[PDB]
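Structure assessment
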Amino acid sequence: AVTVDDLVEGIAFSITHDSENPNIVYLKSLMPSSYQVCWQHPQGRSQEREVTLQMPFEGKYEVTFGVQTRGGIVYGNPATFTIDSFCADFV
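Residues numbered from 1 in each chain as written, not as in the entry; some residues may be left out. Heavy atoms only, no water.

Looking at the entry header, you'll see X-ray crystallography listed as the method and 2.05 Å as the resolution.

Shown next, in the form of structure tokens:
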């Protein structure tokens, strides 16, 4: 079964700023598509494999990636991302 130490950014999942607008952040599962996944992120919870976040406010943010197993959901340690400047469009 998958463990906490498996659930590492760059391996089990990725977090990426949009190349054109860095206030857009893409959460993506790198697990096989048949895996049930779970995200805890700055606007709550999502079980979609790919999640888009539009973050208007400058700040430091956490994202936790979880994977459904036989024994319930296993969550990795939180990853962080930062938003460097304010984007009024996303308010």
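There is more to say, and it comes next.
Thoughts on the sheet that holds strand β1 (residues 13-17)
Paired through their backbone hydrogen bonds, the strands of a sheet run either parallel or antiparallel. On the basis of which strands lie adjacent, the open sheet formed by 3 strands has the order β1-β2-β5 and antiparallel pairing. Across the chains shown, the open sheet's two edge strands, defined by having one partner strand only, are β1 and β5 (50-54). If you compare each strand with its neighbour and ignore which way they point, the axes differ by 15° on average. Looking at chain direction, β1 and strand β2 (residues 24-29) are connected through 5 bridges and run antiparallel. (Pairing = 2+ DSSP bridges. Helix = DSSP H or I, 4+ residues; strand = E, 2+ residues; numbered from the N terminus. Axes fitted to C-alpha atoms, helices over the stretch in contact; angles between N-to-C directions.)

Quick look at the pairing of strand β8 (residues 79-83)
It is a general feature of regular strands that their side chains alternate between the two faces of the sheet. Burial of the side chains of β8 is restricted to one face: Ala79, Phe81 and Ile83 are buried, whereas none of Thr80 and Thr82 on the reverse face is. Where strand β6 (residues 59-69) and β8 come together, 5 bridges link them in antiparallel fashion. Pairing of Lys60 across the sheet is with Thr82, part of β8. (Buried < 20%, exposed > 50% of the residue type's maximum accessible area, 1.4 Å probe, protein only.)

Overview of a nonpolar patch on the surface
Together, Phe57, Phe86 and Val91 line one region of the surface with nonpolar side chains, adding up to about 360 Å² of accessible area. Looking at the secondary structure, you find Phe86 in the segment after β8. (Patch = residues over 30% accessible without salt bridge, like charges linked within 9 Å, V, L, I, M, F, W, Y side chains within 5 Å. Areas by Shrake-Rupley, 256 points an atom, 1.4 Å probe, with all protein chains shown as cover. Salt bridge = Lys/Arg side-chain N within 4 Å of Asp/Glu carboxyl O.)

What about the side chain of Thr64?
Inspection of the secondary structure puts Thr64 in strand β6. A relative accessible area of 12% means that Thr64 is categorised as buried. The residues contacting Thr64, other than those within four sequence positions of it, are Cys38, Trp39, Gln40, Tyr75, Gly76 and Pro78. (Contact = heavy atoms within 4.5 Å.)

Quick notes on the pairing of strand β7 (residues 72-75)
Direction of pairing for β6 relative to β7: antiparallel, over a ladder of 4 bridges. The residue bridging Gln68 from the neighbouring strand is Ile73, located in β7. Linking β6 to β7, which pair antiparallel, is a turn of 2 residues.

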